[PDB]
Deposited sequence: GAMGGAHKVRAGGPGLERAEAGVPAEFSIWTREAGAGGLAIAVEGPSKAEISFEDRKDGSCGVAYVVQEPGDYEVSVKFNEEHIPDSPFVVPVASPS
């Protein structure tokens, strides 16, 4: 049921180091399950939840990958490649 979860927003295509990057996840059509957000790149992220919202901050510029996985399977289009600009 990972194909039923979708995500979108500016934080899945660009960010800026030190500036929260945001996107939403659409949950209405999805079943129940575990939802994991990971960021992988040249530095560590803080990632918060808040359909749901996700905000994340990385501290260094570089190319990052954001995955959204539902019961350990990539949703459509995950992983997202996000270039992160210098602050």
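Trainee: Please give the gaps, as residue ranges numbered from 1 in the deposited sequence, where no C-alpha is present.
Mentor: Deposited residues absent from the model fall in 1 to 4, 55 to 59, 97.
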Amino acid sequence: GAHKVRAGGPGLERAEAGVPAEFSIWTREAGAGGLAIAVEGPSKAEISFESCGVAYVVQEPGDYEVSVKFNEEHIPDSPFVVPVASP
From here on, numbers count along this sequence of modelled residues.
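C-alpha atoms forming the largest set that superposes within 1.5 Å between two forms make up the rigid core.
Trainee: What stretch shows more C-alpha movement in 5 other deposited structures of this protein relative to this form, 21 to 29 or 61 to 69, after the core is superposed?
Mentor: It is 21 to 29 that deviates more in 5 other deposited structures of this protein.
Trainee: Would you mind checking which of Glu72, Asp77, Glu65, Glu13 has the top Cα temperature factor in the PDB entry?
Mentor: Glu72 has the highest C-alpha B-factor of those listed.
Trainee: Among all modelled residues of this chain, ranked by Cα B factor, put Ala2 in the bottom, middle or top third, i.e. lowest, middle or highest.
Mentor: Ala2: CA B-factor falls in the highest third of its chain.
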